[PDB]
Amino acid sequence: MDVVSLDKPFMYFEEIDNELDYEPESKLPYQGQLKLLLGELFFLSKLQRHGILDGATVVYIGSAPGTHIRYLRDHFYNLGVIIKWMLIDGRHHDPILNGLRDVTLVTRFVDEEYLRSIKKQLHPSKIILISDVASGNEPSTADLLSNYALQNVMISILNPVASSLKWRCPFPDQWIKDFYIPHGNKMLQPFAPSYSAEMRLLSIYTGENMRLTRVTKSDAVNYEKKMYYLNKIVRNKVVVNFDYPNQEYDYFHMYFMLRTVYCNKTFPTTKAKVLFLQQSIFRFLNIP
């Protein structure tokens, strides 16, 4: 009918096999909280798994209100993992974040001056950056450049051991100039807007050895193409061979993310845990 029998979801942008021409003609309450919480659990769980998250500080720039972060804060606390959380955003945060000894809350706008200031403060504890700066409509290609620009500075000043930034290629038809962005894997996002190209650039550094990759307009086109496929044709299928309460692609995609998440509790199978996690996350966010 329009069902499918996949083997695994597309986890990274690189993994997209087809593509389609962006046709201009183009849910759940609290999705843009699910999209974020599911991506940060994956990322920080990935870290913890390669022992980088161990007793480090997670700095967040552009984190408001970041309700979801409370959950993340709690998931890890309960896991015994010791982490310092620092959230900085020009605006204020959801009160559920106040009073946490392990969570500091800065309310100011960042820039060179400041980044050099906190690095001094935080050193020598390793830093894990999570950038989600914003500039409603659509941000301008000029704002995307100005944003991705800044994010690269956070990388230089802070010199983070690992980072997670926003990555939505500028639209080819709205190209300006080229640019460089950290080397990293572009993590696709579940429960993300129907026609979003936005992904997550997860990257792990090696300190003395930095790496950037030049983004061009040729590239920008393969972005719009492959993403529009993922959105129009891929995330609309039903994984018939996915034994789970929900079979819509995303639920199948969110499954593969959480399976890689640790929980001290015990479960009979993984389906048992994923279903548990989901059940918890959707609970905290208040999604029926």
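Position 1 is the first residue in the sequence shown; the rest follow in order.
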Does residue 138 go missing in at least one third of the other entries compared here? yes
I'd like to know the size of any gap between residue 26 and residue 27, counted in deposited residues with no coordinates: none, 1 to 3, 4 to 9, or 10 or more. 4 to 9
In terms of residues present in the deposited sequence but not modelled, what lies between residue 135 and residue 136: none, 1 to 3, 4 to 9, or 10 or more? 1 to 3
The stretch carrying the higher mean Cα B factor in the deposited entry, 89-97 or 136-144, is 136-144
Look over 15-23 and 262-270 in the entry and identify the one with the greater average Cα temperature factor. 15-23
Member of 241, 236, 48, 57 with the greatest C-alpha B factor (per the PDB record): 236
Of the residues 157, 176, 202, 106, the one carrying the largest Cα B-factor as recorded: 176
Can you tell me whether residue 279 has a C-alpha B-factor in the lowest, middle or highest third compared with the other modelled residues of the same chain? highest
Using the B-factor values recorded in the entry, state whether the Cα atom of residue 120 falls in the lowest, middle or highest third among the modelled residues of its chain. highest
Residue 82: which third of its chain by C-alpha temperature factor? highest
Compare the C-alpha B factor of residue 207 with those of the other modelled residues in its chain, then answer lowest, middle or highest third. highest
Per the entry's values, where does residue 255 land by CA temperature factor relative to the rest of its chain, in the lowest, middle or highest third? middle
